[PDB]
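K.L.:
Read top to bottom, the protein sequences are chains R, B, L, P and D.
Taking PDB author numbering, the leading residue of the first sequence gets 161, the next gets one more, and so forth.
Taking PDB author numbering, the leading residue of the second sequence gets 108, the next gets one more, and so forth.
Taking PDB author numbering, the leading residue of the third sequence gets 55, the next gets one more, and so forth.
Taking PDB author numbering, the leading residue of the fourth sequence gets 28, the next gets one more, and so forth.
Taking PDB author numbering, the leading residue of the fifth sequence gets 28, the next gets one more, and so forth.
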Amino acid sequence: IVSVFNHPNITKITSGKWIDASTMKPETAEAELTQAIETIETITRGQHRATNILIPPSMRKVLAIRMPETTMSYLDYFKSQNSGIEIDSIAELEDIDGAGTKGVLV
Amino acid sequence: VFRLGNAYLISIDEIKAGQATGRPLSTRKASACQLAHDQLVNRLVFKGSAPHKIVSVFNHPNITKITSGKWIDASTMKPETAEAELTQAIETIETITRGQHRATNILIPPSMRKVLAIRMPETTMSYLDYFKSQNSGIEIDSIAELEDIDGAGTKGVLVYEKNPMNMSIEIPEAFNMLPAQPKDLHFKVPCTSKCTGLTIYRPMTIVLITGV
Amino acid sequence: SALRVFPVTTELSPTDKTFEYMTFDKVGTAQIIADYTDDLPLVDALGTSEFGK
Amino acid sequence: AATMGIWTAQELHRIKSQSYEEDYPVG
Amino acid sequence: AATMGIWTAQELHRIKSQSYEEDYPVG
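(1) How about P:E48: is its C-beta nearer than 7 angstroms to some C-beta of chain L?
(2) Output needed in chain order: residues of the segment 289-312 of chain B with a Cβ under 8 angstroms from some Cβ in chain D.
(3) Between which two residues does the alpha helix (DSSP H) holding B:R130 run?
(4) Assuming B:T134 and B:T312 form a contact by the criterion Cβ under 8 angstroms, report the distance between their Cβ atoms to the nearest whole angstrom.
(5) CB B:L292 to CB B:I119, shorter than 7 angstroms?
(6) Helix, strand or coil for B:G125? Go by DSSP, reduced to three states.
(7) Determine the closest residue to D:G54 out of B:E252, B:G206, B:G260, with distance taken between C-alpha atoms.
(8) Measure how close the beta-carbons of B:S275 and B:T306 come, nearest whole angstrom, since I'm counting them as under 8 angstroms.
(9) For P:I33, return the contacting residues in chain L, with the cut-off set at a CB-CB distance below 7 angstroms.
(10) Rounded to a whole number of angstroms, what is the C-alpha to C-alpha distance between R:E246 and R:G263?
(11) Hey, L:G106 and L:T72 are a contact pair by Cβ (cut 8 angstroms); roughly how many whole angstroms apart?
(12) Which residues of the segment 209-237 of chain R have a Cβ closer than 8 angstroms to any Cβ of chain B? Give them in chain order.
(13) Pick helix, strand or coil for L:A99, following the three-state DSSP scheme.
(14) Would you decide whether L:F60 is buried or exposed? Buried here means 16 or more other CB atoms lie within 10 Å of its CB.
(15) Relative to the C-alpha of B:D145, which residue among B:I122, B:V296, B:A281, B:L214 is closest?
(16) Closer than 7 angstroms, Cβ to Cβ, to anything on chain D: give me those residues from the segment 126-158 of chain B, in chain order.
(17) Report the rounded CA-to-CA distance for B:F294 versus D:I33, giving the unit in angstroms.
(18) Rounded to whole angstroms, how far is the Cβ of R:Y237 from the Cβ of B:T231, which I believe are closer than 8 angstroms?
(19) In chain order, what residues of the same chain have a beta carbon less than 6 angstroms from the beta carbon of B:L285, not counting five sequence neighbours either side?
(20) Should L:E74 be listed as close to the ligand ZN, given that the test is whether its C-beta is under 6 angstroms from any heavy atom?
(21) For B:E268 and B:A210, what's the separation of their Cα atoms in angstroms?
(22) Which residues, in chain order, does the segment 251-277 of chain B contribute to contact with chain P at a C-beta distance below 9 angstroms?
(23) What distance in whole Å lies between the Cβ atoms of B:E192 and B:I316, which are believed to be in contact at a cut-off of 8 angstroms?
(24) Just to confirm before moving on: does the CB-CB distance between B:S249 and B:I215 stay below 7 angstroms?
(25) Exposed or buried, what is R:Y234 when buried is set at 16 or more other beta-carbons lying within 10 Å of its beta-carbon?
(26) Answer with buried or exposed for B:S175, where buried requires no fewer than 16 other C-beta atoms within 10 angstroms of its C-beta.
(27) Using only alpha-carbon positions, find the residue among L:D92, L:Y75, L:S103, L:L94 that is nearest to P:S44.
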């Protein structure tokens, strides 16, 4: 019974830590999501656009950081640039292999 | 002007089987023929044919070509270089024609859409928004055929003005699906069409940026 | 939340053990011809399927 | 010798209603 | 001799109904 995390035909992206030793890095998170959204469009040659994103509940603080020298956060900019996509939080994404690894689903 | 054609074959037993099972076989073959005609037209436009003396848009000898540094090198992005090269191409269109024609449309590879969406530092808007604000009246679109322009894996960008007096394509005759010619126990259906290609009356209104 | 973030369907019967779905494909080409020609190319089609439990 | 059951595979098998077709965009 | 066809080359031919003139801005 293949799961959503172990299917050998789904797209998998390795990434640097969004939070590396208590150092929150919202810039890398903002670049890893657009890459996935573009990958879905590219590999299906259209006819399929990304609609839903699921992230672990412990990482909502990364997307709530206010961007430097501005009055808006990263989440607002992402929603402005990528309108039509809903973001939700799922507790099952804090452990995908039993070793504490976290993941994001698009 | 040229002519294009293909055909397909089908027997009587296959016709009976398709009628019985509810999945006809002739319609699929007709669809394949139409798709082949359309794809041949597209290939003629974007690649040409050396024996037929048909020249592609990329191989025209009287269009402006600009060599460019890579917009993506070592997996890092260079939006500044992209903006500079786009402005240079628009300026080239404006200058070479001495103000008679002005650039209107830009076509970029669909894999470079991420470079132009980067947020500029210390503001809440991206490079594309500023470029469109400072270059009002220009449209930007992404085309898959620009992912490879020479058959070796290089990319390119097209800057041009879309006017019927500068370039044109002609389709004098449409898909027709000639009648069927019987034989012993099967049939043969031929299909034809007519096309010309891309005609460029004014070659100085097109700029190709290579090496992107 | 497995049943709220994914679609759910009932197009299956309580006494079924397997199911399958099918896919199709085609091939063909075209050429530039003269008027007195009788060597036009041809086309074809095919398909396949996959299963479940 | 053959030792099988009363029910065959096809009697307990279902075909999905919707099929899929490969995509070839023209240009 | 002269073994030619029935239609001359100008009977199957089109002339575009628009011309192009070069522009020299005065200054």
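Even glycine gets a Cβ: it sits at the ideal position worked out from N, Cα and C.
P.N.:
In brief:
(1) Position 21 of the fourth sequence, counting from 1, holds the residue named residue 48 of chain P. P:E48 counts as touching chain L.
(2) Of all residues in the segment 289-312 of chain B, the ones placed with a Cβ closer than 8 angstroms to any Cβ belonging to chain D are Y308, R309, in chain order.
(3) Position 23 of the second sequence, counted from the first residue, corresponds to residue 130 of chain B. Looking at the DSSP string, B:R130 is not in any alpha helix (DSSP H), and its letter there is neither H nor E.
(4) For this step, residue 134 of chain B is matched to residue 27 along the second sequence. For this step, residue 312 of chain B is matched to residue 205 along the second sequence. The pair is not a contact, with the Cβ atoms about 43 angstroms apart (cut-off 8 angstroms).
(5) Taking the first residue of the second sequence as 1, we reach residue 292 of chain B at position 185. Taking the first residue of the second sequence as 1, we reach residue 119 of chain B at position 12. Result yes, Cβ atoms of B:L292 and B:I119 sit closer than 7 angstroms.
(6) Start at 1 with the first residue of the second sequence, and residue 125 of chain B comes out as number 18. Helix, per DSSP.
(7) On the fifth sequence, position 27 is the one that residue 54 of chain D refers to. Nearest option by C-alpha distance: B:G206.
(8) To locate residue 275 of chain B, count along the second sequence from 1; it is residue 168. To locate residue 306 of chain B, count along the second sequence from 1; it is residue 199. Correct: roughly 5 angstroms between the Cβ atoms.
(9) As a first step, residue 33 of chain P is located in the fourth sequence; it is residue number 6 there, counting from the start. Simply none; closest approach about 14 angstroms.
(10) Counting from one through the first sequence, the residue named residue 246 of chain R turns up at place 86. Counting from one through the first sequence, the residue named residue 263 of chain R turns up at place 103. Rounded to the nearest angstrom, the two C-alpha atoms are 17 angstroms apart.
(11) By one-based count along the third sequence, residue 106 of chain L stands at place 52. By one-based count along the third sequence, residue 72 of chain L stands at place 18. Confirmed, Cβ separation roughly 6 angstroms.
(12) Residues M227, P228, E229, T230, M232, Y237.
(13) As a first step, residue 99 of chain L is located in the third sequence; it is residue number 45 there, counting from the start. DSSP places L:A99 in strand when its eight states are reduced to three.
(14) Position 6 of the third sequence holds residue 60 of chain L. Exposed: under 16 other Cβ atoms inside 10 Å.
(15) Taking the second sequence and counting its residues from 1, one reaches residue 145 of chain B at position 38. Of B:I122, B:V296, B:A281, B:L214, the residue nearest in Cα terms is B:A281.
(16) Within the segment 126-158 of chain B, not one residue has a Cβ closer than 7 angstroms to any Cβ of chain D.
(17) In the second sequence, residue 294 of chain B corresponds to position 187, counting from 1. In the fifth sequence, residue 33 of chain D corresponds to position 6, counting from 1. C-alpha separation (whole angstroms): 35 angstroms.
(18) Numbered from its first residue, the first sequence carries residue 237 of chain R at position 77. Numbered from its first residue, the second sequence carries residue 231 of chain B at position 124. Taking the Cβ atoms as the reference, R:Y237 lies roughly 6 angstroms from B:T231, within the contact range of under 8 angstroms.
(19) By 1-based counting over the second sequence, the position of residue 285 of chain B is 178. Closer than 6 angstroms at the Cβ level, and outside the excluded window around B:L285, lie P297.
(20) Ligands are entirely absent from the displayed structure, and the ligand ZN is therefore not among its contents.
(21) On the second sequence, residue 268 of chain B is found 161 positions in, with the first residue counted as 1. On the second sequence, residue 210 of chain B is found 103 positions in, with the first residue counted as 1. Straight through space, the alpha carbons of B:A210 and B:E268 are spaced by roughly 5 angstroms.
(22) If you check each beta-carbon in the segment 251-277 of chain B against every beta-carbon of chain P, the ones closer than 9 angstroms belong to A251, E252.
(23) The residue given as residue 316 of chain B occupies position 209 in the second sequence. The residue given as residue 192 of chain B occupies position 85 in the second sequence. Indeed, because the Cβ distance is near 6 angstroms, the residues count as touching under 8 angstroms.
(24) Residue mapping note: residue 249 of chain B aligns to position 142 of the second sequence, counting from 1. Residue mapping note: residue 215 of chain B aligns to position 108 of the second sequence, counting from 1. Yes, they are a contact pair.
(25) Taking the first residue of the first sequence as 1, we reach residue 234 of chain R at position 74. Counting the other CB atoms within 10 Å of its CB gives R:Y234 a total of 16 or more, which places it among the buried residues.
(26) Working through the second sequence from its first residue, we reach residue 175 of chain B at position 68. So B:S175 ends up on the buried side.
(27) Residue mapping note: residue 44 of chain P aligns to position 17 of the fourth sequence, counting from 1. Ranking L:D92, L:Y75, L:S103, L:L94 by CA distance to the CA of P:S44 puts L:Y75 first.
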